[PDB]
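Only one structure is covered here, and it is reproduced in the block below.
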Amino acid sequence: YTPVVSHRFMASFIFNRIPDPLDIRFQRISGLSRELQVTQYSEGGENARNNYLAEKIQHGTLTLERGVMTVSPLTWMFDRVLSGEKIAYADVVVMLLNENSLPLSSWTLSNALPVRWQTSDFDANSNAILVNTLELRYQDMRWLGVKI
Amino acid sequence: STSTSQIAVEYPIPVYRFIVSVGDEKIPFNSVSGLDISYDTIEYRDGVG
């Protein structure tokens, strides 16, 4: 039918089956890619058409940046795991939104491990928002709804 | 009632009477324009401001 636009979205986190509804305001989210790795096997007298053998599926890496805000249960989670205290998992629910703020489709990203966390640079010469480019690696992705 | 010697020291001077000397020659021109003294600017801002 008709396509949808890419500037309404919210992403909520699930810290140990306890939802996190304070941290849904993000600047951008990376867009979710998955890829089936493929080993090409060429053989014998068949030298006019390829022959591709499937392999394991390689999921992408989810980056999402936000303006730096007051400290929140999202920020206490990344600071806990990137200071070497506790390696813990967090589930991410990324959903599109309608005009009536209803979800079109949602991606649930099970057991996403927070990998890196990077702020923007200070500079005195230009005016811009300090952002928090924080990037986390998920190990499964289960698309759910209508209008994928 | 100003005199002609106060005009020559107070009143400003008009453009329509000038002589140009190119090297050692005197060539009578009509309109000379575009001479100026310009500089560029360097800004430096740091931290506390």
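Just so we're on the same page: first chain in the structure tokens is A, next is B, and so on; residues restart at 1 for each chain, and ligands are numbered from 1 in the order they show up.
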
- Item | Residues within 10 Å of residue 44 in chain B, only C-alpha atoms, excluding chain neighbours under 3 positions, as a VMD selection string | (chain A and resid 124 to 125) or (chain B and resid 49)

Dump of N, CA, C and O atoms for the selected residues, as a tab-separated table (two decimals), in the first residue's frame:
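Result file part03.tsv:
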chain	number	residue	atom	x	y	z
A	124	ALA	N	34.58	24.52	21.70
A	124	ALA	CA	34.13	25.86	22.00
A	124	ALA	C	33.67	26.62	20.78
A	124	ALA	O	33.01	27.65	20.92
A	125	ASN	N	34.01	26.14	19.59
A	125	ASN	CA	33.89	26.93	18.39
A	125	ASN	C	32.56	26.73	17.67
A	125	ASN	O	32.19	27.54	16.82
B	49	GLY	N	35.09	30.56	27.99
B	49	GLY	CA	34.50	31.54	27.11
B	49	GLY	C	35.31	32.81	27.05
B	49	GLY	O	35.12	33.73	27.85

- Task: Might you pull out every residue within 10 Å of residue 113 in chain A, with only C-alpha atoms counted and same-chain residues fewer than 2 positions away left off, and present them as a list in words?
- Result: residues 78, 81, 87, 88, 89, 90, 91, 110, 111, 115, 116, 135, 136, 137, 138 and 139 of chain A

Kindly export the residues of the current selection with C-alpha atoms, as a PDB file, in the first residue's frame.
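Everything below was put into again-v7.pdb:
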ATOM      1  CA  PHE A  78      25.504   1.175  30.900  1.00  0.00           C
ATOM      2  CA  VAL A  81      28.376  -2.869  32.880  1.00  0.00           C
ATOM      3  CA  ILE A  87      27.684  -8.173  32.773  1.00  0.00           C
ATOM      4  CA  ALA A  88      23.910  -8.057  32.460  1.00  0.00           C
ATOM      5  CA  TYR A  89      21.460  -8.333  29.585  1.00  0.00           C
ATOM      6  CA  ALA A  90      18.712  -5.908  28.619  1.00  0.00           C
ATOM      7  CA  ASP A  91      15.889  -6.403  26.142  1.00  0.00           C
ATOM      8  CA  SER A 110      16.268 -10.147  23.104  1.00  0.00           C
ATOM      9  CA  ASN A 111      19.330 -10.220  25.380  1.00  0.00           C
ATOM     10  CA  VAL A 115      28.947  -2.943  24.123  1.00  0.00           C
ATOM     11  CA  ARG A 116      30.110   0.673  23.829  1.00  0.00           C
ATOM     12  CA  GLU A 135      25.804   1.031  20.867  1.00  0.00           C
ATOM     13  CA  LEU A 136      24.647  -2.385  22.027  1.00  0.00           C
ATOM     14  CA  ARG A 137      24.809  -5.868  20.509  1.00  0.00           C
ATOM     15  CA  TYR A 138      21.672  -8.002  20.455  1.00  0.00           C
ATOM     16  CA  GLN A 139      21.608 -11.726  19.876  1.00  0.00           C
TER      17      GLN A 139
END

- Message: Could you tell me how far CA of residue 70 in chain A sits from CA of residue 84 in chain A, in Å to one decimal place?
- Response: 22.5 Å

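Using only C-alpha atoms, the protein and nucleic acid residues lying no more than 10 Å from range 5-9 of chain A, apart from those fewer than 6 places from it along its own chain, are residues 24, 25, 26, 27, 28, 29, 94, 95, 96, 97, 98, 99, 101, 103, 104 and 106 of chain A.
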
- Message: Let's see if you can do this: from backbone DSSP, list all alpha helix (DSSP H) residues in chain B, as number ranges by chain.
- Response: B: 4-10

Proximal residues of chain B relative to chain A (only C-alpha atoms; 10 Å) as a compact mmCIF listing (two decimals) with N, CA and C atoms, in the first residue's frame:
# COMPACT_ATOMS: atom_id res chain seq x y z
N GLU B 43 39.57 34.65 14.82
CA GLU B 43 38.88 34.46 16.09
C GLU B 43 39.39 33.21 16.79
N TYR B 44 39.40 33.26 18.11
CA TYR B 44 39.81 32.14 18.93
C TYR B 44 38.93 32.11 20.16
N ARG B 45 38.18 31.03 20.33
CA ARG B 45 37.32 30.88 21.48
C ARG B 45 37.67 29.59 22.20
N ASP B 46 37.62 29.63 23.53
CA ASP B 46 38.10 28.51 24.33
C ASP B 46 37.29 28.33 25.60
N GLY B 47 36.61 27.18 25.71
CA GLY B 47 36.17 26.64 26.98
C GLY B 47 35.26 27.50 27.82
N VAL B 48 35.85 28.09 28.87
CA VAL B 48 35.14 28.95 29.82
C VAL B 48 34.56 30.18 29.14
N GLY B 49 35.09 30.56 27.99
CA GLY B 49 34.50 31.54 27.11
C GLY B 49 35.31 32.81 27.05

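Across the structure, CA of residue 71 in chain A and CA of residue 19 in chain A are spaced 16.7 Å apart.
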
- Message: So that I can see what lies close to residue 30 in chain A, please list as an NGL selection string the residues with an atom at most 9 Å from it, counting only C-alpha atoms and leaving out residues fewer than 6 positions away in the same chain.
- Response: :A and (61-65)

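Using only C-alpha atoms, the residues found no farther than 6 Å from residue 93 in chain A, other than those of its own chain fewer than 2 positions away, are residues 11, 12, 107 and 108 of chain A.
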
So that I have them on file, write out the residues from the current selection with N, CA and C atoms, as a PDB file, in the first residue's frame.
ATOM      1  N   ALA A  11      11.875   3.701  21.761  1.00  0.00           N
ATOM      2  CA  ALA A  11      12.560   2.476  22.129  1.00  0.00           C
ATOM      3  C   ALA A  11      12.593   2.375  23.637  1.00  0.00           C
ATOM      4  N   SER A  12      12.010   1.314  24.166  1.00  0.00           N
ATOM      5  CA  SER A  12      11.938   1.102  25.597  1.00  0.00           C
ATOM      6  C   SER A  12      12.769  -0.114  25.955  1.00  0.00           C
ATOM      7  N   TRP A 107      10.045  -4.157  16.963  1.00  0.00           N
ATOM      8  CA  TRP A 107      11.127  -5.129  16.944  1.00  0.00           C
ATOM      9  C   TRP A 107      11.576  -5.382  18.373  1.00  0.00           C
ATOM     10  N   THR A 108      11.488  -6.624  18.821  1.00  0.00           N
ATOM     11  CA  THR A 108      11.961  -6.990  20.145  1.00  0.00           C
ATOM     12  C   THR A 108      13.334  -7.621  20.009  1.00  0.00           C
TER      13      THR A 108
END

- Query: What is the distance, in Å and to one decimal place, between CA of residue 12 in chain B and CA of residue 29 in chain B?
  - Reply: 22.3 Å
